[PDB]
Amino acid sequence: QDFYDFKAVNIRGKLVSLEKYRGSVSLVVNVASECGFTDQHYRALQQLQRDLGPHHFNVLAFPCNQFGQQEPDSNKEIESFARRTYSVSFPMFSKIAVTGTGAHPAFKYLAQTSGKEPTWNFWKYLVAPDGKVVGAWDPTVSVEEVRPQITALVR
């Protein structure tokens, strides 16, 4: 088992296999819309996608309402917000839990194998081409500090 064995409903309601990302590097991020981190993070994540997307990399953004309830809106609203405000071009998924008993199994996998579970919005896991977690950061770590770790993995 690895991260790319899991399935998730995308933000438009279409079920997808994360197998479609195998061979690629992924930055798996739990997102929120009303957070203090929201604007800086969405801007940095989109720039990350712009710069490293062409090197077989994606941000995989999963909305989550668990942390301060800063993602209360519908999947439709969240997508509209991300696309119109930040010109987001990375994959976005339907709102999920990332922690607790009801967490998405893919997020159970990332927490169990990394030893860290998300404790706020905008936690970030780096997944290697083979679907294994090689890094995890909390939202206070800048995308300037995360990015070089991603470029190390891409070709």
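All residue numbers are counted from 1 along the displayed sequence.
Which of 140-148 and 17-25 has higher mean CA B factor, as the PDB entry lists it:
Stretch with the greater average CA B-factor: 140-148.
Mean CA temperature factor from the deposited coordinates, higher in 34-42 or in 120-128?
The deposited B-factors put 34-42 ahead on the C-alpha mean.
From the list 66, 58, 47, 114, select the residue with the highest C-alpha B factor recorded in the entry.
Largest recorded C-alpha B-factor: 47.
Classify residue 86 as lowest, middle or highest third according to the C-alpha B-factor given in the PDB entry, relative to its own chain.
Answer is highest: the recorded C-alpha B-factor places it there.
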